[PDB]
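Just one chain follows, in the form deposited in one PDB entry, and it is written as structure tokens.
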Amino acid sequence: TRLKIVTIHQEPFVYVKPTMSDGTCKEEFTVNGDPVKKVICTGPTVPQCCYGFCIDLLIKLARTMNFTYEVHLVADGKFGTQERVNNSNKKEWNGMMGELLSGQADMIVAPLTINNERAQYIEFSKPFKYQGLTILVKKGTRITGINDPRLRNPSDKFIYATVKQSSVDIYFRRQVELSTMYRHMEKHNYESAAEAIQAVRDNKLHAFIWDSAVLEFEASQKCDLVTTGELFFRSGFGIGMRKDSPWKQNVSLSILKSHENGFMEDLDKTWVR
């Protein structure tokens, strides 16, 4: 059977573009002459074309371990947090985490942050990308970083947030030392990284706490934005699989091999740097 890959729109790791009229993907090459590999990804019911860092990784993994796949975008648009089921005892995961645990997906191929919360229930590959958390602002906003009076002593005058139901949302709620910041953040968190980044571009949002490999790419493309340049917490992205999946070991070995032979270096130069 074909492996059901779930992913999420998150440039430069996953680009999502409309198909052409005949349902195929427009042929493209990088500025350096490399063919841009594109796969069909269904999403919210309509086929689309997906490519980028993680899609390149998915193709390498499929050919290395000899498996076929079908890609779909996460139905609710979230990465995945655990929520209480109302008037019940059970907890359930949303986002890509829920789809992986439901069976709607066999493997998560996305910038999925490894943390203790998710590792209790799923198996993570070895990290295919090392990065961390940083802050994105609009050019003209001046803050020191994570330990700013405007962030440590929040008010409705300086609005900062992150993405709902994400690793960063988990990080700020579990820590009692971040309770004041999280209270400000929970009333402003955005549904998507793109909506939050554009909100910083519309000056509605003043700071955006998110993944460094995404925010730094956003600054290099939209010079009206800028990051702190500081990493206040470091984390890695990993492939997500169900417990005792038959592919766990060879996915991790494949990723380690890709770091060591320069394949990930090529992905970084193509998509991130």
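We number the residues from 1 along the sequence you see. Take the two forms, superpose them, and find the largest set of C-alpha atoms that agree within 1.5 Å; that set is the rigid core.
Omission of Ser179 is seen in none of the other entries compared for this protein where the adjacent residues are built, far below a third. Modelling of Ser88 is missing from a third or more of the other compared entries in which both of its neighbours are modelled. The stretch of deposited sequence separating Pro44 from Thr45 contains 10 or more residues lacking coordinates in this entry. The question of which stretch, 20-28 or 260-268, has the higher mean Cα B factor is settled in favour of 20-28.
Stretches 89-97 and 139-147 differ in mean CA B factor, with 139-147 having the higher one.
Of the residues listed, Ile59, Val214, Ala207, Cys50, the entry assigns the biggest Cα temperature factor to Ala207. Note on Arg118, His188, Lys129, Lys164: the highest value goes to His188, judged by CA B factor as recorded. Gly238: CA B factor in the lowest third of modelled residues in this chain (values from the PDB entry). Ranked by C-alpha B-factor against the other modelled residues of its chain, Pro154 falls in the highest third.
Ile40: CA B factor lies in the middle third for its chain, per the PDB record. Annotation for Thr81: CA B-factor lies in the lowest third of the chain's modelled residues. Among the modelled residues of its chain, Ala193 has a C-alpha B-factor that falls in the middle third according to the deposited record.
One more form of this protein, deposited in another entry, exists but is not displayed; see below.
Comparing C-alpha positions between the shown form and the other one after a rigid core fit, one residue in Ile122, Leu151, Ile114, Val71 moves 2 angstroms or more. It is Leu151.
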